[PDB]
């Protein structure tokens, strides 16, 4: 609570900045730039943040038509800056506590809907599969394997990029299989092994036949394919998540065409579409919530439950009673 104390705290912050993910840091800076500009504009002090100002700001975020979860992030990062610096948190103020409470209320009462990825189900896999199965085109074959390793496995983006060729050993009738390393938590796991079908395996093949992947196995399975249709292997680099999420966007447009309704948020297939579809498919096929809240490494149902909610199978006991 003295400029010297705060100075010490901020030096502590920088010295052990690896106590947080670079993503966290990204959002911290992001919010600070947002809050600071606003302060400048609205003639106020940005550090330390004063409860009345942070209030005005939060209402400004709301008026900006920003989501409740987003405003949370803002107060959140601000609370973190003051906590890691020796100063009082904005949340610890009555004004800020109340306003947050009010805004949450006001927004829900107007339509605010959290969104999630658009399901990419077998009904979608088969379709694309039928549209790009006979195509000579490199990046066309690659994108099908992806759509395969992805629906078939439910692996996250950050993880499908990480795959290396060795990891893809084989099995039962020449069925493929794979060691991932997904978890990044200590008391969790070091990793699993995942398998493929006569479908998803027969595809992932071609990619390898054409990708020239069978070259220096320290190689990754997924690489970029240039405009001439020639792939570029690289044991040193990984298809950015943007591109991978790109194949899902691209593919949806192929079938459904140009970007649509309203101007933003989940109109086409995104990185999570495959998991979200497999799950329902696996739920529709009456597969215990184990595999379901499991084929994805799901440590908490609320998530798999928000995914299979509109499914008739998840209708409720009252519907069951009512219908006998």
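Residue numbers count along the first chain shown, from 1.
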key: Higher-B stretch (mean Cα B-factor, as the entry records it), 51-59 or 252-260   = 252-260
key: Mean temperature factor over C-alpha atoms, higher-scoring stretch between 236-244 and 137-145   = 236-244
request  = Pick out which of 76, 212, 90, 229 has the highest C-alpha B-factor in the PDB entry.
outcome  = 212
ask   = Per the entry, which of 287, 276, 41, 32 tops the list for Cα B factor?
value = 287
query = Lowest, middle or highest third of the chain for the C-alpha temperature factor of residue 84?
reply = lowest
task = Comparing against every modelled residue in the chain, figure out the third that the C-alpha B-factor of residue 272 lands in (lowest, middle or highest).
result = middle
remark   = Tertile call for residue 102 (CA temperature factor, within chain, third-based) is the lowest
request  = Looking at the entry's B-factor column for C-alpha atoms only, identify whether residue 323 ranks in the lowest, middle or highest third of its chain.
outcome  = lowest
task = Place residue 109 in the lowest, middle or highest third of its chain's C-alpha B-factors, as listed in the PDB entry.
result = lowest
